[PDB]
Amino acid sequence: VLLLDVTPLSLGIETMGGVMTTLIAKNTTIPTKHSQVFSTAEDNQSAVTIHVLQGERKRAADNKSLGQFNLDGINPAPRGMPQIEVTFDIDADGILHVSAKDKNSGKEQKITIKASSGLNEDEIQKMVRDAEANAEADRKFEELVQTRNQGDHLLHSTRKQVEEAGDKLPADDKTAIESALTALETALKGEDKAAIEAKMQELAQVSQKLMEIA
């Protein structure tokens, strides 16, 4: 063949922490289809918003927004348990079909994004060069987000285990845990990845009695 219909940029969705997660890679030949199962980032979430992105930047806000839609009717469950299957499907028409499906409630929502959406040829090259020019900063952000998300799970799991523990946890330790939790929460708001890591370790340090109780 002398030519191919290909994606000139990555297509994906925004995920926890404000990152773009890619579903169809840059330079994928069409037709193509890809599905992936995701879950929730907190306990009892009843709906999710699927924010569709085009581009090459790691921070979702720096990509081109193609659309969004909701999937509601998610049964309340602990975080990470619901199964939300997100499908990107682009056939020869160059129309992007995005669906999200709750594999338990069976509820599904879909949208279509026409061939003309997203960046034009000039904006496509600028986006590729902006990605290049900011590669440094983009990778730091990706690593910081992975660390943030890991700290967030630890914070929230520790808080659950304190609840289940009740008066079984010594007042002394309960107070020391609560302190470390607050410090980690503070470190999470910042941009210093090592500081989050030290606060994760410091919280696990004071949790020994808590972990035995569980």
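What we label the rigid core is the largest C-alpha set whose atoms superpose within 1.5 Å from one form to the other. The numbering used is simple: start at 1 and walk along the sequence shown.
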Quick check: by Cα RMS after rigid core superposition, does 168 to 176 or 50 to 58 differ more from this form in 9 other deposited structures of this protein?
168 to 176
If you line up the core and then measure how far each C-alpha sits from this form in 9 other deposited structures of this protein, which stretch comes out higher, 133 to 141 or 93 to 101?
133 to 141
57 to 65 versus 163 to 171 - which carries the larger mean C-alpha B factor in the record:
163 to 171
Stretch with the greater mean C-alpha B-factor as recorded in the entry, comparing 173 to 181 against 148 to 156:
173 to 181
One of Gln83, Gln109, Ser116, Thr112 has the largest Cα B-factor in the entry, namely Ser116
Sorting the chain's modelled residues by C-alpha B-factor and splitting them into thirds places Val6 in the lowest
Ranked C-alpha temperature factor of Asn70 among modelled chain residues, by third
lowest
Chain-relative CA temperature factor third for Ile124:
middle
The third of the chain into which the C-alpha temperature factor of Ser35 falls is the lowest
Using the B-factor values recorded in the entry, state whether the Cα atom of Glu191 falls in the lowest, middle or highest third among the modelled residues of its chain.
highest
